[PDB]
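Quick look at input_39.cif (mmCIF, C-alpha atoms and all ligand atoms):
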data_structure
loop_
_atom_site.label_atom_id
_atom_site.label_comp_id
_atom_site.auth_asym_id
_atom_site.auth_seq_id
_atom_site.Cartn_x
_atom_site.Cartn_y
_atom_site.Cartn_z
CA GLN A 1 2.63 6.54 -80.59
CA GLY A 2 0.20 5.38 -83.24
CA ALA A 3 -2.65 2.89 -83.39
CA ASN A 4 -2.19 -0.56 -81.88
CA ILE A 5 -2.21 -2.95 -84.81
CA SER A 6 -1.75 -6.20 -82.86
CA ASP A 7 -4.66 -6.19 -80.46
CA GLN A 8 -7.59 -8.45 -81.07
CA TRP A 9 -10.88 -6.90 -82.04
CA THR A 10 -14.08 -8.53 -80.99
CA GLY A 11 -15.83 -10.17 -83.90
CA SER A 12 -12.77 -9.86 -86.10
CA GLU A 13 -10.64 -12.73 -87.21
CA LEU A 14 -7.62 -10.41 -87.63
CA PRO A 15 -5.28 -9.32 -86.28
CA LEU A 16 -4.52 -12.85 -85.11
CA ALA A 17 -1.69 -14.05 -82.92
CA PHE A 18 -0.08 -17.31 -83.99
CA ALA A 19 2.64 -19.60 -82.63
CA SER A 20 4.65 -22.50 -83.97
CA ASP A 21 3.64 -24.47 -80.84
CA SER A 22 2.14 -23.83 -77.44
CA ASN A 23 1.45 -25.31 -74.06
CA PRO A 24 -2.25 -25.98 -74.74
CA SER A 25 -3.61 -24.25 -71.63
CA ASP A 26 -1.53 -21.17 -72.62
CA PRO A 27 -2.88 -20.47 -76.12
CA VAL A 28 -1.18 -17.76 -78.18
CA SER A 29 -4.43 -15.79 -78.39
CA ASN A 30 -3.40 -14.70 -74.88
CA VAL A 31 -0.70 -12.47 -76.27
CA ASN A 32 -2.99 -9.90 -77.94
CA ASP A 33 -6.02 -10.01 -75.65
CA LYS A 34 -5.22 -6.65 -73.92
CA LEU A 35 -4.77 -8.44 -70.57
CA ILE A 36 -1.30 -8.14 -69.09
CA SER A 37 -0.42 -10.34 -66.13
CA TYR A 38 2.95 -11.29 -64.68
CA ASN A 39 1.52 -13.76 -62.18
CA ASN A 40 -1.29 -16.27 -61.77
CA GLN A 41 -3.97 -13.85 -60.61
CA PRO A 42 -4.96 -14.28 -63.36
CA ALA A 43 -2.63 -16.44 -65.36
CA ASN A 44 -2.60 -14.89 -68.81
CA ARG A 45 0.20 -15.92 -71.14
CA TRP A 46 1.40 -17.87 -74.09
CA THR A 47 4.09 -20.38 -73.18
CA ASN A 48 5.68 -23.44 -74.69
CA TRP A 49 6.14 -24.89 -71.17
CA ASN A 50 7.01 -28.59 -71.27
CA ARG A 51 6.72 -28.79 -75.07
CA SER A 52 9.10 -30.86 -77.12
CA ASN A 53 10.86 -28.13 -79.13
CA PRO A 54 12.95 -25.69 -77.11
CA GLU A 55 12.50 -23.15 -79.91
CA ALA A 56 9.15 -21.57 -80.78
CA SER A 57 7.88 -18.43 -82.48
CA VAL A 58 5.01 -16.10 -81.66
CA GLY A 59 3.75 -13.56 -84.13
CA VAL A 60 0.91 -11.42 -85.37
CA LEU A 61 -0.88 -11.70 -88.70
CA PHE A 62 -2.30 -8.25 -89.45
CA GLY A 63 -5.77 -7.16 -90.37
CA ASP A 64 -7.63 -3.97 -91.35
CA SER A 65 -11.35 -3.81 -90.78
CA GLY A 66 -11.68 -7.54 -90.43
CA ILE A 67 -9.66 -8.68 -93.39
CA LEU A 68 -6.04 -9.46 -94.09
CA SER A 69 -3.73 -6.44 -94.53
CA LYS A 70 -0.17 -5.61 -94.89
CA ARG A 71 1.10 -3.10 -92.41
CA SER A 72 4.15 -0.90 -92.13
CA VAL A 73 5.98 -2.15 -89.03
CA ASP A 74 9.00 -0.81 -87.23
CA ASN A 75 8.51 -1.94 -83.64
CA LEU A 76 7.50 -4.76 -81.34
CA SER A 77 6.99 -4.85 -77.62
CA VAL A 78 6.95 -8.10 -75.62
CA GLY A 79 6.01 -8.60 -72.02
CA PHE A 80 7.95 -11.62 -70.87
CA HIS A 81 6.69 -13.56 -67.87
CA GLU A 82 8.64 -15.79 -65.52
CA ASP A 83 7.96 -18.33 -62.82
CA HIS A 84 9.85 -21.51 -61.71
CA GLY A 85 9.06 -23.14 -65.05
CA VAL A 86 9.26 -20.44 -67.70
CA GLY A 87 10.85 -17.10 -68.51
CA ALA A 88 12.42 -14.86 -71.11
CA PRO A 89 14.29 -16.77 -73.86
CA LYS A 90 18.06 -17.04 -74.01
CA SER A 91 18.14 -16.09 -77.70
CA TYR A 92 15.74 -14.79 -80.35
CA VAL A 93 15.34 -13.49 -83.84
CA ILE A 94 12.67 -11.06 -84.99
CA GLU A 95 11.46 -11.79 -88.53
CA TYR A 96 9.00 -10.54 -91.10
CA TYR A 97 6.99 -12.30 -93.73
CA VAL A 98 8.17 -11.97 -97.36
CA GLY A 99 6.46 -14.91 -99.06
CA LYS A 100 4.78 -14.26 -102.37
CA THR A 101 1.93 -16.49 -101.24
CA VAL A 102 -0.64 -14.43 -99.37
CA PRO A 103 -0.88 -16.10 -95.91
CA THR A 104 -4.14 -17.61 -94.72
CA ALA A 105 -5.21 -17.60 -91.09
CA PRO A 106 -3.85 -20.84 -89.59
CA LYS A 107 -6.52 -23.41 -88.80
CA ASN A 108 -4.99 -23.91 -85.38
CA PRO A 109 -3.09 -20.69 -84.60
CA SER A 110 -1.45 -21.88 -81.37
CA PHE A 111 0.07 -24.84 -83.25
CA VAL A 112 1.05 -23.64 -86.72
CA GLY A 113 3.86 -26.19 -86.89
CA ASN A 114 1.25 -28.99 -86.89
CA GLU A 115 -0.36 -27.90 -90.19
CA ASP A 116 0.68 -27.08 -93.75
CA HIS A 117 1.22 -23.37 -93.76
CA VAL A 118 3.47 -20.80 -95.43
CA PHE A 119 4.67 -19.70 -92.06
CA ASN A 120 6.53 -22.97 -91.57
CA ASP A 121 8.79 -22.35 -94.65
CA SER A 122 11.89 -20.41 -93.58
CA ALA A 123 12.16 -19.01 -97.19
CA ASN A 124 9.11 -16.93 -96.36
CA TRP A 125 10.82 -15.00 -93.56
CA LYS A 126 13.64 -12.51 -93.33
CA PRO A 127 15.21 -11.01 -90.24
CA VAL A 128 14.49 -7.42 -89.33
CA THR A 129 17.43 -5.03 -89.90
CA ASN A 130 19.09 -2.54 -87.59
CA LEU A 131 17.45 -3.96 -84.57
CA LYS A 132 17.49 -1.96 -81.42
CA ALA A 133 16.70 -4.17 -78.43
CA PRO A 134 17.24 -4.26 -74.74
CA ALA A 135 20.78 -5.31 -73.75
CA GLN A 136 19.12 -8.04 -71.73
CA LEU A 137 15.56 -9.24 -71.85
CA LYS A 138 13.67 -8.85 -68.62
CA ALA A 139 10.60 -10.56 -67.35
CA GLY A 140 8.06 -8.34 -65.64
CA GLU A 141 7.86 -5.48 -68.12
CA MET A 142 7.20 -4.70 -71.79
CA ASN A 143 10.51 -5.15 -73.62
CA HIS A 144 10.71 -2.78 -76.57
CA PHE A 145 12.24 -3.50 -79.97
CA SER A 146 12.61 -1.23 -82.99
CA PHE A 147 13.92 -1.93 -86.45
CA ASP A 148 13.84 -0.67 -89.98
CA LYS A 149 10.33 -0.27 -91.30
CA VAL A 150 8.93 -3.18 -93.39
CA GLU A 151 5.62 -3.64 -95.18
CA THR A 152 4.46 -7.11 -94.24
CA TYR A 153 1.47 -9.37 -93.49
CA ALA A 154 3.19 -10.68 -90.31
CA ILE A 155 6.01 -10.42 -87.93
CA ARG A 156 7.16 -12.98 -85.44
CA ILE A 157 9.66 -13.42 -82.69
CA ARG A 158 11.41 -16.84 -82.79
CA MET A 159 12.88 -17.81 -79.49
CA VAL A 160 14.94 -20.47 -77.72
CA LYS A 161 14.14 -21.13 -74.09
CA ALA A 162 16.60 -20.56 -71.30
CA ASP A 163 18.44 -23.72 -70.27
CA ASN A 164 17.20 -23.48 -66.71
CA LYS A 165 13.55 -23.21 -67.79
CA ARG A 166 11.01 -25.58 -69.28
CA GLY A 167 9.72 -22.89 -71.72
CA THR A 168 9.44 -19.32 -72.91
CA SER A 169 6.61 -17.14 -71.75
CA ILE A 170 4.81 -13.96 -72.93
CA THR A 171 1.79 -12.24 -71.34
CA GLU A 172 1.28 -9.69 -74.18
CA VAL A 173 2.82 -8.30 -77.29
CA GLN A 174 2.07 -4.87 -78.74
CA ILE A 175 2.81 -3.52 -82.22
CA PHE A 176 2.05 0.12 -83.21
CA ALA A 177 1.43 1.95 -86.44
CA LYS A 178 3.39 5.11 -87.19
CA CA B 201 -2.39 -11.04 -72.67
#

Output the structure of this file as structure tokens.
Ligand SMILES: [Ca+2]
Amino acid sequence: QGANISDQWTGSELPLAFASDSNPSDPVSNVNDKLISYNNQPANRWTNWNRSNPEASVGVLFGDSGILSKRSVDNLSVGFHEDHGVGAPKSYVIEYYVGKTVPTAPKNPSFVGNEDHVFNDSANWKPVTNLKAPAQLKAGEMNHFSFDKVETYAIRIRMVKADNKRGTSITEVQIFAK
């Protein structure tokens, strides 16, 4: 297993987690903070609990040595969390950035859908190929995904909440270099 290319580094803008939308007290920066919690002791998660869109995406914008970088990516791990109000999504798509425009760091990374940004244009994303995924997503553990290697500035997981929940929830994601 190679270097972790999603974790935050102190004093570095990148890698940066981003989301289309978030419950504000559950910012997406929680997903790459190296804290993993499946409960409220402490609560540590991104969610879109009680937000208006049942679909949201969470992703990582890569960096090398403090500045933007493409990386070669073939994996994603996601620790779903669940309580009465949130849980694993009922459906998802994992996507990678293909825009010709070099992405900027979002001004408000937990709420990318509320600003003009390349990430909001579906032409700038393609789905990963030959996905290997769990047969069912499970809260309470790191759920591992693998796919054909791509060279990209960003990947994201775009997810629709379960019908019996008020949102989707993630305590941590991890992406590794080869
Ligand atoms: Ca975390």

Note to self: Between CA of residue 87 (chain A) and CA of residue 140 (chain A), what is the distance in Å, rounded to a tenth?
What the structure shows: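 CA of residue 140 (chain A) lies 9.6 Å from CA of residue 87 (chain A).
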
Notebook entry, point to check: Quick one: of A:40, A:25, A:114, A:10, who's nearest to residue 65 (chain A), counting all atoms listed in the file?
Noted result: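 Counting all atoms listed in the file, the residue closest to residue 65 (chain A) is A:10.
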
Item checked: For residue 100 (chain A), the nearest of the candidates A:121, A:13, A:64, A:55, counting all atoms listed in the file ->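 Checking each of A:121, A:13, A:64, A:55 against residue 100 (chain A), counting all atoms listed in the file, the winner is A:121.
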
Check: Counting only C-alpha atoms and all ligand atoms, what residues are within 8 Å of ligand CA 201 (chain B), given as a list in words?
Finding: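 Using only C-alpha atoms and all ligand atoms, everything at most 8 Å from ligand CA 201 (chain B) comes to residues 29, 30, 31, 32, 33, 34, 35, 36, 37, 44, 45, 46, 170, 171, 172 and 173 of chain A.
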
Checklist line | Minimum-distance residue to residue 43 (chain A), chosen among A:69, A:18, A:118, A:82 (using all atoms listed in the file) | finding: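 Closest to residue 43 (chain A) of all the choices is A:82.
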
Next item on the list: Extract, using only C-alpha atoms, all DNA, RNA and protein residues at most 7 Å from residue 71 (chain A), discarding same-chain residues fewer than 3 positions from it, and format them as a PyMOL selection string.
Entry: chain A and resi 62+151-153

Check: Could you pull the residues within 12 Å of residue 1 (chain A), counting all atoms listed in the file, minus those fewer than 4 positions along the same chain, as JSON, numbers by chain?
Finding: {"A": [5, 74, 75, 174, 175, 176, 177, 178]}

Checklist line | Pick from A:3, A:19, A:159, A:137 nearest to residue 61 (chain A), counting only C-alpha atoms | finding: A:19
